[PDB]
**Student:** 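Mind looking over this structure? Questions follow.
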Amino acid sequence: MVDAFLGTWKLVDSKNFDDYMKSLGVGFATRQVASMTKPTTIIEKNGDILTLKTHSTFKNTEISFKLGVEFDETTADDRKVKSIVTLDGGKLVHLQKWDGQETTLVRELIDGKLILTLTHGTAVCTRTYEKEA
Ligand SMILES: O=C(O)CC1CCCCCCCCCCCCCCC1
């Protein structure tokens with residue numbers, strides 16, 4: 001039931017992303033640039049393989065995965081993690097594990113907007129994306 005997440009999405013609001021990045025140990029210069037970057041996220045499916053692209057003027061990433069199947073990932077901040085993405089309560093939940101640490105990247109649809117909640121430690125960041133035509 002991932003279909004409503006598919007498409008091209010643009011960042012239109014960000015709350016507490018610096019706190020999230022700081023919690024992950026991201027350096028101040030990268031945080032500075034990141035705080036002024038507006039990514040485009042593209043979510044595509046081919047059968048039961050999802051591909052999630054994050055494009056920006058600063059960093060770009062791409063992951064492909066099957067729901068519910070662990071995959072290796074190297075994040076935009078260069079963490080090497082073990083990841084799984086699932087649907088839970090209609091939300092796309094991406095869990096990353098490394099060094100006994102965890103972070104979740106939770107996507108939900110609210111009134112047509114895609115709300116991405118990033119949690120690590122006590123830091124909770126909420127980013128809002130709107131759908132591009
Ligand atoms: O998808 C999001 O909106 C958040 C992730 C991507 C951010 C891409 C733009 C800025 C690059 C920042 C690099 C250091 C922090 C990366 C944290 C994980 C990816 C967040």
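Position 1 is the first residue of the sequence, and the numbers go up from there. Remember, it's 1-based here, ligands and their atoms both numbered in the order they're listed. Below, each value reflects all heavy atoms present in this structure, side chains not excepted, and no hydrogens, waters or symmetry copies.
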**Student:** Could you check whether any side-chain heavy atom of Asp13 comes within less than 4.5 Å of a side-chain heavy atom of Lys113, counting everything from C-beta outward?
**Tutor:**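 A side-chain contact under 4.5 Å is absent here.
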**Student:** Tabulated below should be the N or O atoms of ligand 1 paired with protein N or O atoms at under 3.5 Å; can you produce that?
**Tutor:**
| residue | atom | partner | partner atom | Å |
| --- | --- | --- | --- | --- |
| ligand 1 | 3 (O) | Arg127 | NE | 2.8 |
| ligand 1 | 3 (O) | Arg127 | NH2 | 3.0 |
| ligand 1 | 3 (O) | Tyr129 | OH | 2.6 |

**Student:** Over 60° means perpendicular and under 30° means parallel, so classify the ring planes of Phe65 and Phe71, tilted if in between.
**Tutor:**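 Aromatic pair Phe71/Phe65 classed parallel.
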**Student:** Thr61 versus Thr75: any side-chain heavy-atom pair under 4.5 Å?
**Tutor:**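 A side-chain contact is absent here, since even the closest heavy-atom pair is not under 4.5 Å.
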**Student:** Determine the minimum heavy-atom distance between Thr126 and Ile115, stating which atoms define it.
**Tutor:**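 Closest pair (atom of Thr126, atom of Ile115, distance): CG2-CG2, 3.6 Å.
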**Student:** Please check if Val12 and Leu118 belong to a single hydrophobic cluster, counting links between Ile, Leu, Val, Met, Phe, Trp and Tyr side chain heavy atoms closer than 4.5 Å.
**Tutor:**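 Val12 does not cluster with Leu118.
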**Student:** Could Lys10 and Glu132 be called an ion pair, given the rule that one side-chain N must be under 4.0 Å from one carboxylate O?
**Tutor:**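 Looking at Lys10 and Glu132, the cut-off is met.
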